[PDB]
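Heavy-atom basis, side chains included; hydrogens, waters and symmetry copies ignored. First the proteins, then the strands, lettered A, B, ... as listed; each starts at 1.
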Amino acid sequence: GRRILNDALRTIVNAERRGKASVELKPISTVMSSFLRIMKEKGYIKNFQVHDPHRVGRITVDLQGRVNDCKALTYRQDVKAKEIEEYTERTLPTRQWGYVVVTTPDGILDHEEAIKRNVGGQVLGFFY
Amino acid sequence: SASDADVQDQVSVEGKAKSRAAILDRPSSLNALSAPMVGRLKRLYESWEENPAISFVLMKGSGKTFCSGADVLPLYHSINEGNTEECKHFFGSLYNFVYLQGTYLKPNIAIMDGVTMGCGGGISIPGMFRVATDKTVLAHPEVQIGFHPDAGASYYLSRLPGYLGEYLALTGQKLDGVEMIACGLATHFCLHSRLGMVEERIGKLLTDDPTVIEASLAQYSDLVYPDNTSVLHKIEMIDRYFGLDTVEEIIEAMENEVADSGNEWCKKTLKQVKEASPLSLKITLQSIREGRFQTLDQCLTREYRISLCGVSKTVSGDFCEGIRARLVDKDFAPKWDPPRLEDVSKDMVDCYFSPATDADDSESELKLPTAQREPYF
Amino acid sequence: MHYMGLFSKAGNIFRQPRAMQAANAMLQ
Amino acid sequence: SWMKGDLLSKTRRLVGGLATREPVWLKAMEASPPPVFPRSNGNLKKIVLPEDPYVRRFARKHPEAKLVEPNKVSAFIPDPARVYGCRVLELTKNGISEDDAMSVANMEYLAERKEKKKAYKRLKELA
Amino acid sequence: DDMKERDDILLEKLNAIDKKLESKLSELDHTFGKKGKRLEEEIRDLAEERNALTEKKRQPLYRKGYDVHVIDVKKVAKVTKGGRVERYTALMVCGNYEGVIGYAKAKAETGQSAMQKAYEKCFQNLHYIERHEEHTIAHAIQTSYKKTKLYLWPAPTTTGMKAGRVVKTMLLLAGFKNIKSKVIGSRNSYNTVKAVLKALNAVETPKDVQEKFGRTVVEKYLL
Amino acid sequence: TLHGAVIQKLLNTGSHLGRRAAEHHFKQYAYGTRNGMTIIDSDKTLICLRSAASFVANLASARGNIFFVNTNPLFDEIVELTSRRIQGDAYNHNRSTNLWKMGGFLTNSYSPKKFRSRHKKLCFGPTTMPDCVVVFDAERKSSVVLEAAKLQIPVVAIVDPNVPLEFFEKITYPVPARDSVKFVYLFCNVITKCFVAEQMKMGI
RNA sequence: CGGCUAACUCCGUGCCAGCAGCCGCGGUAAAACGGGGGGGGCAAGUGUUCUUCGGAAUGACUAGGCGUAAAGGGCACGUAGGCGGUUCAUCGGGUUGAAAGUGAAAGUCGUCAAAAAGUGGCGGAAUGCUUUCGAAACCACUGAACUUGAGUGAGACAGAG
RNA sequence: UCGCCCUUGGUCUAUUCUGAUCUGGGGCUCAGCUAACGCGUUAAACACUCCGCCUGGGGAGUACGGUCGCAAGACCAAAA
Ligand SMILES: [K+]
Ligand SMILES: [K+]
Ligand SMILES: [K+]
Ligand SMILES: [K+]
Ligand SMILES: [Mg+2]
Ligand SMILES: [Mg+2]
Ligand SMILES: [Mg+2]
Ligand SMILES: [Mg+2]
Ligand SMILES: [Mg+2]
Ligand SMILES: [Mg+2]
Ligand SMILES: [Mg+2]
Ligand SMILES: [Mg+2]
Ligand SMILES: [Mg+2]
Ligand SMILES: [Mg+2]
Ligand SMILES: [Mg+2]
Ligand SMILES: [Mg+2]
Ligand SMILES: [Mg+2]
Ligand SMILES: [Mg+2]
Ligand SMILES: [Mg+2]
Ligand SMILES: [Mg+2]
Ligand SMILES: [Mg+2]
Ligand SMILES: [Mg+2]
Ligand SMILES: [Mg+2]
Ligand SMILES: [Mg+2]
Ligand SMILES: [Mg+2]
Ligand SMILES: [Mg+2]
Ligand SMILES: [Mg+2]
């Protein structure tokens with residue numbers, strides 16, 4: 001589901017730079033909504049709603065004008081819990097702001113939370 | 001910990017460029033205040049006042065209700081279990097928050113977007129700015145539950161023009177937002193549909209100056225004038241009847257006019273009065289008239305004494321009986337400890353106003369940081 | 001938008017001015 | 001210059017950093033900041049009224065009715081077609097039939113027009 | 001306050017001349033013949049006085065405590081039928097070592113004259129640059145202006161400045177102490193100056209993040 | 001509500017009947033499209049009007065210079081009376097009616113000028129730079145907005161639905177309306193009254 | 001010791017003799033050739049040649065390109081390969097957490113002591129592999145389903161295919 | 001991923017003359033991009049997947065070798 005995740009994150013970025021209030025995402029997945037929950041918690045989007053997640057899912061996102069770039073990795077990238085911080089140093093362009101989203105056995109988490117819980121996994125992407 | 005994830009959901013925080021908003025989100029109880037909600041609110045407002053990067057603060061409510069008052073069911077179940085400590089702690093926490101709201105160093109704005117009852121007005125009306133909408137309904141039905149209008153409600157009702165504070169505190173009469181502007185209890189007015197406009201405007205102001213915030217609120221607000229059928233067009237009746245010395249004098253005069261003039265407003269006001277406990281009507285009238293000539297720390301002090309006497313069941317159990325009748329059993333027919341007004345004595349109502357600090361006890365008094373806050377309101 | 005919605009339940013506030021009708025007569 | 005932001009924030013940062021002396025208008029802008037509105041998502045809605053099909057059905061008839069449009073006295077009096085459409089709409093909301101609603105509304109309009117015709121005939125007889 | 005009163009006297013003189021010119025144009029509109037020509041000559045004399053007085057107010061000022069440095073002096077040329085026409089361009093930067101930086105480009109007949117015109121123009125476009133703890137930038141920044149890619153990296157407090165001369169001069173004059181940098185691609189000095197100013201204005205400070213997201217930003221060693 | 005009566009007065013001027021095919025940056029001010037027109041929200045018109053009028057009134061207290069630029073001949077008298085009232089003794093009719101036609105009249109205001117003939121009349125630039133410019137240039141016949149943005153001077157202007165982004169970005173106080181005679185009269189009357197009410201509060 | 005590059009004058013020569021890493025110097029006033037005088041950088045070294053990396057983002061993973069500058073295959077179809085929707089369930093190969101084994105010494109890094117052009121101890125690192133036991137979100141695999149991408153049908157069409 | 005004007009072939013709604021939505025083909029343009037010219041929903045924009053190709057000029061699309069072709073030649077394609 002890497003392609004549709006990158007499609008949705010790019011749709012958000014593109015309508016963000018048009019100054020829009022909301023976007024519609026389709027197709028969606030549970031990975032997409034977990035990425036959006038992490039983005040909403042860090043304040044990059046206002047709110048999001050999931051419609052019909054078990055038949056034909058679409059997501060409405062509420063925008064605020066706060067995200068510069070959201071990217072999904074299109075390749076497999078493993079990271080260990082002791083490896084997360086140096087990866088995030090090399091992956092965020094500012095090396096200060098933004099978050100790397102990791103799929104872990106404890107769930108989909110931002111990179112600081114995954115360091116705190118001492119759990120590694122697969123990098124989904126990042127936003128800043 | 002992880003057990004406080006419900007309290008952080010009950011009191012949300014929204015952050016803007018130089019401002020913070022506290023949101024009440026307890027939709028089961030219609031945003032009724034519990035002890036952890038008051039503790040979280042007090043912690044948040046203390047931290048925001050200490051922060052020099054925050055210019056002003058906000059208080060909003062989610063849903064159709066701004067705040068329905070205090071959550072009295074927990075206090076009722078605590079009083080049923082013998083110990084009175086939980087009610088005590090809830091009350092000095094709530095009055096401490098009201099005192100913080102009255103003496104707050106930065107501008108504070110309350111958005112009143114629904115029903116406001118009880119201490120819901122007490123956490124917002126001492127503030128610097130107050131925004132009322134077309135869904136805002138303000139009532140004080142504490143006498144009809146067996147309790148008194150505490151949380152500083154004896155401060156701002158007593159300072160209304162005429163004797164309207166007595167009428168509101170005795171009848172539990174609903175006020176609308178336009179009428180609340182007219183009474184001076186609300187500073188600004190806007191429609192419900194226009195609130196995103198004012199909220200976006202207020203959110204990205206980068207000013208500390210209260211004049212700039214006042215000008216912005218007025219510029220984005222709505223212009224309203226009270227209707228002909230408003231309460232304030234009958235203010236002379238309030239000063240004629242509710243200005244009498246005792247409660248029974250008011251009831252007798254209104255009954256005499258209902259016999260002579262057959263005033264429909266008088267009949268409706270009688271049906272409002274007869275549904276209250278006789279004890280708390282007298283305590284309410286005494287505390288409303290006492291609070292006219294004293295400051296906020298004093299008003300909260302004797303309101304705490306009245307509350308701590310009413311929860312100990314010293315002379316009556318009208319608090320527990322009213323709570324049980326109107327919230328638990330829901331038959332809505334309470335039986336007070338004096339059925340009649342004449343049974344209530346002067347010594348019984350002086351037990352609520354007594355200096356309980358003179359009984360060799362310390363936690364029966366309300367603590368307030370008057371030295372550190374150095375009050376100015 | 002409350003006030004525009006109220007005032008749209010009225011007569012004709014959506015009447016073109018004289019210059020716009022003049023230019024529309026000009027173009028045809 | 002290469003600084004970002006609007007005039008107010010750029011000027012505040014320049015004045016605070018002691019780069020430019022403070023202009024006279026800076027306090028006036030801070031006292032009354034320029035207005036801000038929420039994001040609108042750019043989808044402008046076509047303003048449609050429930051009576052509009054009936055008004056356009058009145059356009060499928062005799063076009064010469066009134067000089068109300070170039071009268072230029074007020075923009076708050078309805079013309080004949082709008083009040084016809086409102087009459088049909090409220091009749092439909094009563095529950096009467098549709099074609100009967102147009103028939104009775106047109107007959108009432110024709111009666112009113114003949115009555116003002118005979119009134120103007122009385123004016124001309126007095127003139 | 002001497003410049004204040006010497007500007008006020010010229011302002012009052014200019015206002016008096018403008019009132020006199022308005023009155024004489026008013027009496028010229030209804031005047032025909034030789035008196036019209038005499039009023040025309042009187043108006044021309046008044047216009048000459050007003051032009052001279054307006055010239056006398058244009059005194060360029062420099063700011064004390066600022067250092068001005070030459071980045072680039074170039075000989076450019078234009079071709080005519082008589083041969084090549086050669087002029088000089090001067091690019092200069094200025095700064096007060098306290099976050100204020102500016103630049104100007106000027107063209108004249110000689111190199112000295114071009115430098116002088118740029119020096120007079122250099123205080124007219126001043127930016128304020130935010131620094132972290134008066135010694136470095138808040139975060140790593142990468143910008144490009146045309147084909148000049150610029151990288152800047154913050155550094156701890158005993159590192160030093162690692163930069164080429166254009167970037168080093170601009171960062172020194174803005175007050176930085178500990179930055180590493182790299183110019184990638186074209187090293188056009190004027191596009192390098194513009195890329196440096198673009199990079200320093202795209203840094204998001206912790207105050208900026210705190211206002212943008214409505215949340216508290218804390219340094220990690222104070223946590 | 002009184003606010004409904006205020007909105008009705010704004011609708012009486014016809015300032016909500018904007019031109020079709022609105023730009024992207026104007027749609028925050030629009031209510032909808034009807035009858036081949038862009039319908040403007042008069043509530044946002046009132047809010048922007050209040051902001052502009054309060055900014056101009058606040059400049060009386062600091063004795064700021066306010067320069068009016070009108071390029072429409074329909075509004076000559078209204079803007080002339082407003083400038084006579086606001087600028088006081090420092091009003092010049094020739095400069096107010098001719099100086100905006102010259103490219104560079106603000107960015108090059110110390111340049112010399114020469115008397116030629118009767119001509120299109122001789123006018124010099126302002127001796128002090130203005131602290132605000134109020135613009136009535138619907139057809140963009142002058143370079144006022146570009147020079148004011150170059151010089152860091154605030155601009156109060158009435159914006160049509162078809163204003164370019166390059167012009168809209170440099171207008172500090174936009175007022176979204178159709179510039180009818182009645183709306184320009186109401187705008188200038190409100191500006192005049194606010195300025196002289198603030199000016200009477202100082203003894204002036 | 002012209003510029004790049006810190007450091008300049010006199011005499012001799014006169015497109016000669018010569019210099020030269022690059023750009024370039026020398027045809028009578030050469031700071032560029034050769035000598036005198038002075039000066040600059042390094043210093044028991046200092047130049048020259050060879051060789052490697054850097055500067056070189058000049059093979060670009062980090063980190064480049066292909067309209068007009070080098071560079072889109074004349075255009076397709078398809079093999080391998082690479083890449084590619086949703087839900088629920090199962091599983092434990094990859095992934096992930098801990099433990100154990102191994103990762104020789106020397107060298108690199110940290111630190112101290114020693115020593116005075118010399119040594120050593122303890123760590124860290126050695127990004128890996130094997131075994132055991134947890135986790136179950138993702139990838140793979142298995143099962144049941146979904147319809148938004150692909151493909152069919154029915155009914156209408158247009159066309160110098 | 002803001003729009004405007006045309007046009008090919010359908011469909012729907014029409015309210016007597018037009019709107020809407022697909023489908024290809026053109027012109028112009030807000031942004032954004034571009035060394036510049038310019039491109040711009042049929043991108044040279046914001047991103048991505050897979051393939052082909054480039055690595056200073058000349059020597060040179062030359063020499064050699066293989067395969068293919070009746071030939072003419074073609075494809076892969078150097079170095080000094
Ligand atoms: K294929
Ligand atoms: K076709
Ligand atoms: K073009
Ligand atoms: K596309
Ligand atoms: Mg190069
Ligand atoms: Mg040198
Ligand atoms: Mg010689
Ligand atoms: Mg040399
Ligand atoms: Mg020599
Ligand atoms: Mg390399
Ligand atoms: Mg490198
Ligand atoms: Mg690459
Ligand atoms: Mg290249
Ligand atoms: Mg390509
Ligand atoms: Mg091709
Ligand atoms: Mg080719
Ligand atoms: Mg699953
Ligand atoms: Mg596994
Ligand atoms: Mg070893
Ligand atoms: Mg060793
Ligand atoms: Mg060692
Ligand atoms: Mg068609
Ligand atoms: Mg098309
Ligand atoms: Mg290109
Ligand atoms: Mg291909
Ligand atoms: Mg060939
Ligand atoms: Mg061959």
Checklist entry - Looking at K61(D), does any N or O in its side chain come under 4.0 Å of the phosphate oxygens OP1/OP2 on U16(H)? => result no
Item to check | Closest nucleotide among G97(G), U148(G), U86(G) to the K26(A) side chain | outcome: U148(G)
Next on the checklist: Between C66(G) and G52(H), do both key distances fall under 3.5 Å for a Watson-Crick or G-U wobble pair?
Outcome noted: yes
Next on the checklist: Looking at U42(H) opposite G149(G), are both of their pairing distances below 3.5 Å, so that they form a Watson-Crick or G-U wobble pair?
Outcome noted: no
Checklist entry - Which one, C138(G), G84(G), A47(H), comes nearest to the side chain of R10(A)? => result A47(H)
Checklist entry - Are any of the side-chain heavy atoms of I47(D) and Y31(F) separated by less than 4.5 Å? => result yes
Checklist entry - So, is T74(A) near the phosphate of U49(H), with a side-chain N or O under 4.0 Å from OP1 or OP2? => result yes
Item to check | Selected nucleotide, minimal atom distance to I184(E) side chain, candidates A57(G), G94(G), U147(G) | outcome: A57(G)
Checklist entry - Which nucleotide sits closest to the side chain of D69(A): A47(H), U96(G), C146(G)? => result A47(H)
Checklist entry - Ion pair present between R34(F) and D52(D), side-chain N to carboxylate O less than 4.0 angstrom? => result yes
Checklist entry - Is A72(H) syn or is it anti, if syn means the base angle is within 90 degrees of 0? => result anti
Checklist entry - Do the six-ring planes of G26(G) and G27(G) sit under 30° apart with centres under 5.5 Å? => result no
Checklist entry - From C2(H), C48(H), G84(G), pick the nucleotide closest to the side chain of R3(A)? => result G84(G)
Next on the checklist: Rounding to an integer number of Å, can you tell me how far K146(E) NZ sits from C33(H) P?
Outcome noted: 10 Å
Next on the checklist: At less than 3.5 Å, do the side-chain atoms of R2(A) and the base atoms of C138(G) form a donor-acceptor pair?
Outcome noted: no
Next on the checklist: Does a side-chain N or O of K82(A) approach OP1 or OP2 of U96(G) to a distance below 4.0 Å, or not?
Outcome noted: no
Next on the checklist: For the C1' atoms, the ones on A71(G) and on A60(G), what distance do you get once it is rounded to whole angstrom?
Outcome noted: 16 Å
Checklist outcome for this item: The residue, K182(E) or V56(A), whose nearest nucleotide of RNA chain G is more 5′ is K182(E)
Next on the checklist: Using whole Å, what does the distance between atom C1' of nucleotide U148(G) and atom NE2 of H54(A) come to?
Outcome noted: 17 Å
Item to check | Separation of atom OH in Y75(A) from atom P in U49(H), rounded to whole Å | outcome: 10 Å
Item to check | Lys/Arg N to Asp/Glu carboxylate O, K204(B) vs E200(B), below 4.0 Å | outcome: yes
Next on the checklist: Using centres closer than 5.5 angstrom and planes tilted less than 30 degrees as the test, would you call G61(H) and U62(H) a stacked pair?
Outcome noted: no
Item to check | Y128(A) and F126(A) aromatic ring geometry - parallel, tilted or perpendicular at 30°/60° bounds | outcome: parallel
Item to check | Among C2(H), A63(G), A47(H), the nucleotide that comes nearest once only the side chain of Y151(E) is considered | outcome: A63(G)
Next on the checklist: Please report the distance, rounded to the nearest Å, between CZ in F26(F) and P in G3(H).
Outcome noted: 16 Å
Checklist entry - According to the definition of ring centres under 5.5 angstrom and planes under 30 degrees, are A35(H) and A36(H) stacked? => result yes
Checklist entry - What is the distance, rounded to the nearest whole Å, between atom CG of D7(A) and atom P of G85(G)? => result 9 Å
Checklist entry - Is it the case that more than 12 heavy atoms not belonging to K212(E) sit under 6.0 Å from its NZ atom? => result yes
Checklist entry - Which nucleotide in the set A137(G), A47(H), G97(G) lies at the smallest distance from any side-chain heavy atom of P105(A)? => result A137(G)
Checklist entry - So, north or south for the sugar of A116(G), given that a negative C1'-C2'-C3'-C4' angle means south? => result south
Checklist entry - Under the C1'-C2'-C3'-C4' criterion, what is the pucker of the sugar in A77(H): north or south? => result north
Checklist entry - With sugar-phosphate meaning primed atoms plus P, OP1 and OP2, does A15(A) contact a base, only sugar-phosphate, or nothing at under 4.0 Å between heavy atoms? => result nothing
Item to check | No-hydrogen, no-angle side-chain donor-acceptor test under 3.5 Å, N14(A) and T11(A) | outcome: no
Item to check | Separation between the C1' atoms of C91(G) and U142(G), rounded to whole Å | outcome: 8 Å
Checklist entry - Base rings of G55(G) and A56(G) under 5.5 Å apart and under 30° in plane angle? => result yes
Next on the checklist: Does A98(G) have its OP1 or OP2 closer than 4.0 Å to a side-chain nitrogen or oxygen of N118(A)?
Outcome noted: yes
Checklist entry - Looking only at whether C1'-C2'-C3'-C4' is positive or negative, is the sugar of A43(H) north or south? => result south
Checklist entry - CZ of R90(A) versus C1' of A63(G): gap in Å, rounded? => result 11 Å
Checklist entry - Are any of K27(F)'s side-chain N or O atoms less than 4.0 Å away from OP1 or OP2 of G3(H)? => result yes
Next on the checklist: Whether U16(H) and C17(H) stack: are their six-membered ring centres under 5.5 Å apart and their planes inclined by less than 30°?
Outcome noted: no
Next on the checklist: Whether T103(A) contacts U95(G) is assessed here as follows: a side-chain N or O lying under 4.0 Å from the phosphate OP1 or OP2. Is that the case?
Outcome noted: no
Checklist entry - Rounded to whole angstrom units, what separation is found between the CZ atom of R58(A) and the P atom of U147(G)? => result 16 Å
Checklist outcome for this item: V119(A) has its side chain closest, among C48(H), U1(H), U96(G), to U96(G)
Checklist entry - Do side-chain atoms of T192(E) reach the backbone of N188(E) as a donor and acceptor pair under 3.5 angstrom? => result yes
Checklist entry - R187(E) has a side chain; which of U147(G), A56(G), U86(G) sits nearest to it? => result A56(G)
Next on the checklist: Between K20(A) and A31(H), is there a contact of a side-chain N or O with OP1 or OP2 at under 4.0 Å?
Outcome noted: no
Checklist entry - Taking atom types as modelled and ignoring hydrogens, do the side chains of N47(A) and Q49(A) form a donor-acceptor contact shorter than 3.5 angstrom? => result yes
Next on the checklist: Using the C1'-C2'-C3'-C4' dihedral sign as the criterion, classify the sugar of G45(G) as north or south.
Outcome noted: north
Item to check | Atom pair distance, as rounded to whole Å: CD in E89(A) and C1' in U62(G) | outcome: 13 Å
Checklist entry - Counting any heavy atom closer than 4.0 Å, what does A72(A) reach on the DNA or RNA strands: base, sugar-phosphate only, or nothing? => result nothing
Checklist entry - North or south: where does the sugar of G72(G) fall when you read the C1'-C2'-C3'-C4' torsion? => result south
Next on the checklist: What's the gap between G103(G) and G64(G) when it is taken at their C1' atoms, as a whole Å value?
Outcome noted: 39 Å
Item to check | Paired, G40(G) vs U62(G), Watson-Crick or G-U, distances below 3.5 Å | outcome: no
Checklist outcome for this item: Side-chain atoms of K147(E) come closest, of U86(G), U127(G), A35(H), to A35(H)
Next on the checklist: Quick check on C2(H): is either OP1 or OP2 less than 4.0 Å from any side-chain nitrogen or oxygen of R17(A)?
Outcome noted: no
Next on the checklist: Just to be sure I understand the rule, does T30(A) reach a base, reach only the sugar-phosphate, or reach nothing, if contact means heavy atoms closer than 4.0 Å?
Outcome noted: sugar-phosphate
Checklist entry - Parallel, tilted or perpendicular: which fits the ring planes of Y44(A) and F213(E), with parallel below 30° and perpendicular above 60°? => result tilted
